[PDB]
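Each chain is listed here by its residues.
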Amino acid sequence: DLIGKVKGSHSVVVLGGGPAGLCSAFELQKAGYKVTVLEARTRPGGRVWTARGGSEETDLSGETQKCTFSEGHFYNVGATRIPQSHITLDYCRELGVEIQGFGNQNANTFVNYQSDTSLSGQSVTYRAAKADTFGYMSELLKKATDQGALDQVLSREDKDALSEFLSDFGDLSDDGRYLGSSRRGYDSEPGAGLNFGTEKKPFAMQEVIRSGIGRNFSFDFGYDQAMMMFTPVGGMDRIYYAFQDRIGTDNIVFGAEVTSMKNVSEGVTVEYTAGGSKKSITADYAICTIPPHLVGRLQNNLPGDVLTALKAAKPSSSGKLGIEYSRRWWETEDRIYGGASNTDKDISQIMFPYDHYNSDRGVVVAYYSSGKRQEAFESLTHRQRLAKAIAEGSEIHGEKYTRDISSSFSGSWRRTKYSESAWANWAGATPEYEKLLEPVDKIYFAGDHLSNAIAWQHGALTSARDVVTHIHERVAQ
Amino acid sequence: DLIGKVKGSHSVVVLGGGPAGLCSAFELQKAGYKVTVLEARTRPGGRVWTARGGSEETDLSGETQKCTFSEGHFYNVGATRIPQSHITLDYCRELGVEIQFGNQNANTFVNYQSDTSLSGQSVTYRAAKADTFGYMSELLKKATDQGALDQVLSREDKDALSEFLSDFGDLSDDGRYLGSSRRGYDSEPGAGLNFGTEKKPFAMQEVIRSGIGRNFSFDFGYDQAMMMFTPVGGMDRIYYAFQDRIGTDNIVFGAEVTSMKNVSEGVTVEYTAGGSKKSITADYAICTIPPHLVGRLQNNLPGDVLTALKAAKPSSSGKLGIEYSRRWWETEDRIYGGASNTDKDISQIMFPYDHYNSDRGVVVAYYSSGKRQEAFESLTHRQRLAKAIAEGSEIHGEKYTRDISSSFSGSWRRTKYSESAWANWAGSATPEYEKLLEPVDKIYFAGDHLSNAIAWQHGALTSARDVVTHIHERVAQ
Ligand SMILES: Cc1cc2nc3c(=O)[nH]c(=O)nc-3n(C[C@H](O)[C@H](O)[C@H](O)COP(=O)(O)OP(=O)(O)OC[C@H]3O[C@@H](n4cnc5c(N)ncnc54)[C@H](O)[C@@H]3O)c2cc1C
Ligand SMILES: Cc1cc2nc3c(=O)[nH]c(=O)nc-3n(C[C@H](O)[C@H](O)[C@H](O)COP(=O)(O)OP(=O)(O)OC[C@H]3O[C@@H](n4cnc5c(N)ncnc54)[C@H](O)[C@@H]3O)c2cc1C
């Protein structure tokens with residue numbers, strides 16, 4: 001248990017029913033607090049948003065998209081993957097939300113980059129790119145070792161042990177050269193009898209180095225990205241519908257746009273508009289999970305230095321676009337089941353689905369880009385986003401990328417009402433971050449921006465748990 | 001698709017209802033042949049065997065094991081994982097067999113003996129990789145900066161390589177490996193000022209001499225690289241699906257073949273079923289019985305064919321599953337699927353890819369081959385279990401010994417109607433392999449041993465398809 005049972009009558013109003021708000025309400029309710037969550041949207045989960053057939057969104061440009069994905073088909077417009085260390089998985093267990101493997105690494109997906117080489121704009125599988133990169137890297141280090149370049153730092157035994165590893169890791173010849181590998185894959189698959197197949201031949205060392213084909217390999221090592229990774233079966237939002245059901249819809253007001261938040265003699269008073277009607281609620285404490293750039297728009301009595309600190313959390317651009325195909329060509333032709341292709345093009349990456357394997361249709365994430373390469377889509381209409389996504393995807397996966405398209409749906413977080421950012425990028429552990437960990441009398445801030453895991457649910461959930469613990473200790477005092 | 005309808009009446013007898021035999025029968029039927037499969041066991045699938053509650057097996061030593069795993073819990077005693085290029089996935093699609101396999105995991109352990117302080121110490125894959133690639137990258141950058149590779153790299157190549165090594169190894173600005181977040185954390189980063197605490201790096205010489213990177217290249221195997229897949233509920237679901245499409249009226253289970261002879265009208269096969277000596281004659285035969293077992297049959301095969309069969313030498317491999325009543329690997333070690341790897345006889349410990357976050361699970365406590373399976377072969381199941389738990393506790397601690405519900409083991413060189421895990425051709429195509437691709441009048445051999453994917457279902461399936469195609473083309477003239 002996070003906290004013991006609270007003694008007596010104590011109330012909290014939670015602004016925002018995203019992960020931080022719902023986790024806060026869930027934990028406070030467990031401990032016997034009166035809790036009310038106010039959520040502006042008509043769904044729980046905030047930046048955890050899963051697009052399905054029937055999903056409708058009007059963005060800040062006034063464009064309305066209606067998703068028409070087939071029944072059971074979806075994609076996560078925000079949060080989609082979870083590493084093994086994150087408390088998100090603990091909450092999936094607590095809430096009974098089934099998880100499955102998320103394909104965050106795949107030998108068969110492509111890399112495709114521009115360079116001053118003949119590989120420029122050429123798709124190469126990860127396994128081929130890795131085999132060549134690690135083949136030549138191993139050959140070079142073995143050559144230096146054999147030449148005696150590392151004799152001041154390696155003993156004879158160290159050199160022998162290193163050489164053995166390099167021959168294995170690089171699949172080197174008996175004489176220490178990278179000459180290609182079955183690890184690159186096959187143009188024709190090995191079968192039965194005298195059907196030996198045909199190994200894909202290697203690129204030259206100079207091509208490999210000058211193409212930068214290994215620029216994305218270290219992504220595999222990210223603490224929060226390395227396999228194994230996980231995701232909820234049927235969409236990430238299922239975590240937050242599960243929180244909703246545990247909290248009870250009697251304790252959550254949806255379509256409740258908070259317009260004011262003030263410390264008052266009785267506690268904290270929050271005004272909000274719901275169903276076009278003006279409402280007010282007072283509680284002993286408030287947990288404010290509204291994104292920090294949006295908090296200043298509220299009528300408030302926050303001190304100037306708090307308002308200034310909130311502005312240090314700069315908004316960030318990020319967006320996704322999903323295309324439903326009526327043929328799973330990536331599985332049938334490319335032998336790609338999940339994972340992502342990676343590119344320097346604006347689309348940045350193409351993410352293949354982790355469910356309905358071998359089915360008749362599926363949703364591909366045609367782009368998931370951030371920063372400059374999302375600013376390239378942000379101001380386009382959805383139709384224009386789609387056209388650009390298809391063109392760039394076809395340059396990676398061929399003309400099949402353009403065929404068998406059923407429908408599509410995009411989100412761009414900086415243009416999305418009640419988000420206006422994918423995640424915070426603090427100016428400059430900063431003084432503004434540290435300032436916003438302190439309560440403003442009876443108002444506490446929580447969210448992924450006030451964590452060391454920004455842009456992870458873990459950050460939101462651990463922030464909620466810390467803030468609930470602080471309120472509980474204060475009530476005890 | 002494979003073949004397009006046969007004209008008139010034609011019959012085939014298939015010896016063995018493993019993957020090659022069932023695939024053969026399935027495709028022949030689709031083309032309009034009369035087919036009868038003779039299978040010695042009471043289950044379809046052969047070396048594709050899934051142990052669940054109720055499984056009973058008596059091995060060639062006379063020991064009977066009775067599996068008592070909880071409903072819905074199982075493990076694959078033989079085939080368990082499938083790469084994306086294999087036709088096994090295409091048959092899963094055709095048969096409606098749902099797929100979901102963790103073949104790489106940053107959080108599982110490596111544990112090897114060495115003349116270092118890491119000897120017999122468990123190290124996570126992510127820590128072992130970060131240190132290995134960190135120091136490897138530092139050393140290659142050092143050699144490059146020194147000028148050791150000036151005769152093979154240009155100035156611009158050196159700069160491009162240095163950039164890659166900095167990021168691949170997570171080197172400091174001055175080119176040293178000093179640790180990384182990639183190693184993981186002793187305390188997880190959370191919210192506020194809860195930064196967590198990184199795990200500190202091992203020293204260079206220790207890392208090199210420990211051999212903790214000796215298994216990293218497994219990640220790159222053409223048939224092992226992620227993404228990998230497996231059928232939901234067990235690998236044997238593929239072969240129960242074949243069984244149901246073929247029809248149990250066309251399969252005689254508990255049918256021990258004792259004779260196979262070319263005769264005037266085709267091939268006559270004698271077998272014992274229901275205690276009775278039976279005979280069947282068909283136009284053609286497809287013999288999928290493992291090659292070392294074929295010689296035991298009464299037959300009229302030419303001497304050179306009998307000699308060729310003996311060149312396919314049998315091999316030792318086996319597995320042992322333990323059902324735990326607590327998923328400690330998930331709750332304590334944050335391991336969700338994947339395998340720990342070791343030089344101990346157990347060889348590896350494979351964690352389950354289903355029932356994530358649930359209350360119980362089956363761990364494959366060993367999967368070993370060759371000498372390291374010969375260490376288990378002659379042991380009783382009780383002795384196998386004791387050895388598995390002893391060696392496993394040396395890797396995963398005392399928790400490995402607790403919450404044990406039940407267990408079940410297979411050793412393929414002691415298993416009736418297998419007596420081998422897979423073949424190794426002496427001289428490894430070899431002349432004996434080539435010889436056995438030829439029909440012996442109306443008798444065709446098929447199986448994974450007559451493929452370039454031995455010890456894969458793909459090998460058995462492509463062998464079946466090739467043999468069915470040969471028969472069809474011969475029937476067509
Ligand atoms: C593109 C993208 C990719 C991501 N990738 C991952 C990933 O793969 N895995 C992962 O774990 N996380 C990922 N995340 C991060 C994850 O979505 C966030 O960490 C999490 O949603 C943060 O929760 P929060 O409660 O702090 O904020 P939010 O989710 O933003 O919730 C804030 C809530 O406040 C509400 N609100 C705003 N204004 C008002 C108002 N005036 N009145 C009432 N309510 C209001 C909003 O509607 C919203 O529901 C991703 C996010 C994005 C957008
Ligand atoms: C330990 C182990 C691990 C494996 N790992 C993988 C993996 O992860 N993925 C993968 O794809 N493959 C794997 N395989 C390989 C896979 O199991 C085989 O490739 C496949 O089972 C071979 O099919 P087959 O039809 O050639 O032979 P078998 O499966 O051996 O079938 C032969 C059949 O002949 C029958 N038979 C024998 N004698 C008689 C007789 N006298 N009369 C009647 N019938 C008889 C047997 O009962 C059996 O059903 C593994 C196998 C083992 C044992």
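Residues numbered from 1 in each chain as written, not as in the entry; some residues may be left out. Chains lettered and ligands numbered in written order. Heavy atoms only, no water.

As stated in the entry header, the method of structure determination is X-ray crystallography and the reported resolution is 1.55 Å.

The PDB entry annotates chain B as L-AMINO ACID OXIDASE originating from Rhodococcus opacus. The record in UniProt for chain B states the following under Subcellular location: "Cytoplasm". Among the UniProt annotations of chain B, the heading Sequence similarities holds the following wording: "Belongs to the flavin monoamine oxidase family. FIG1 subfamily." (UniProt positions renumbered as here; feature names shortened; annotations may be inferred.)

If you look chain A up in the PDB entry, it shows as L-AMINO ACID OXIDASE from Rhodococcus opacus. Among the UniProt annotations of chain A, the heading Subcellular location holds the following wording: "Cytoplasm". Taken directly from UniProt, the Sequence similarities text for chain A runs: "Belongs to the flavin monoamine oxidase family. FIG1 subfamily."

Participant: Please clarify how the overall build of chain A should be interpreted in this entry.
Facilitator: Helix and strand counts for chain A come out as 13 helices and 27 strands. The dimensions of chain A, computed from C-alpha atoms along their principal axes, are 80 × 60 × 40 Å. A burial count over chain A gives 62% of its 477 residues as buried. Of the roughly 18,200 Å² that chain A leaves accessible, carbon and sulfur atoms contribute 45%. (Helix = DSSP H or I, 4+ residues; strand = E, 2+ residues; numbered from the N terminus. Buried < 20%, exposed > 50% of the residue type's maximum accessible area, 1.4 Å probe, protein only. Areas by Shrake-Rupley, 256 points an atom, 1.4 Å probe, with all protein chains shown as cover.)

Participant: Mind showing me how you'd approach the UniProt feature "binding site: substrate" in chain A here?
Facilitator: All names here are of chain A. The sites that UniProt annotates as "binding site: substrate" are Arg 81, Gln 225, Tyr 368 and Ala 455. Residues within four places of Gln 225 in sequence aside, it is in contact with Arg 81, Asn 104, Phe 219 and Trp 456. If you trace the backbone, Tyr 368 turns up in strand β24 (residues 362–370). The exposure class assigned to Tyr 368 is buried, which follows from its relative accessible area of 17%. (Contact = heavy atoms within 4.5 Å.)

Participant: Would you mind going over the domain arrangement of chain B with me for this structure?
Facilitator: Often, the extent of an interface is quoted as the loss of accessible area upon association of its parts. What the domain assignment lists for chain B is domain 1 (1–48 + 235–312 + 419–477), domain 2 (49–124 + 226–234 + 313–418) and domain 3 (125–225). Just the C-alpha atoms count here: the centres of domain 1 of chain B and domain 3 of chain B sit 51 Å apart. (Domains from an automatic or database assignment.)

Participant: Would you mind showing me how to read the pattern of salt bridges here?
Facilitator: Side chains carrying opposite charge are able to pair once their charged atoms draw close together. Under the definition given, this model contains 49 salt bridges over all chains. One salt bridge in this structure joins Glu94(A) and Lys30(A), with 3.1 Å as the shortest N-O distance. Here the residue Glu94(A) occupies a position in helix α2 (residues 87–95), and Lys30(A) occupies one in helix α1 (residues 19–30), the gap between them amounting to 64 residues. Among the residues examined, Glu94(A) registers a relative accessible area of 37% and is labelled partly exposed. For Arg360(B), the salt bridge is made with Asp359(B), and the minimal N-O distance between the two is 2.9 Å. Residue classification places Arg360(B) among the partly exposed residues on the basis of a relative accessible area of 30%. Through salt bridges with shared partners, a single network forms among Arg326(B), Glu332(B), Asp333(B), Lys399(B) and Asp403(B). (Salt bridge = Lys/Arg side-chain N within 4 Å of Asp/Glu carboxyl O.)

Participant: Got a minute to help me understand the site of ligand 1 in this structure?
Facilitator: Residues and elements named next belong to chain A. Ligand 1 sits among 36 residues. The nearest are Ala 20, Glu 39, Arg 47, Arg 81 and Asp 448. Residue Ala 20 places a main-chain N or O atom 2.9 Å away from an oxygen atom belonging to ligand 1. Between ligand 1 and the protein, one listed contact pairs an oxygen atom with a side-chain N or O atom of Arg 41 at 2.9 Å. Contributions of two or more residues to the shell around ligand 1 are made by α1, β2 (34–39), β15 (256–264) and α13 (457–476). Per element, the largest residue contribution to the shell around ligand 1 is 3 residues, and it comes from β15. Taken together, the residues of the shell around ligand 1 break down into 19 nonpolar, 11 polar and 6 charged. Viewed by domain, the shell around ligand 1 spans two of them, domain 1 (1–48 + 236–313 + 420–477) and domain 2 (49–125 + 227–235 + 314–419), each represented by three or more residues. (Near = heavy atom within 4 Å. Polar contact = N/O pair within 3.5 Å; in protein donor to acceptor, adjacent residues only side chain to side chain. Nonpolar A, V, L, I, M, F, W, Y, C, P; charged D, E, K, R; others polar.)

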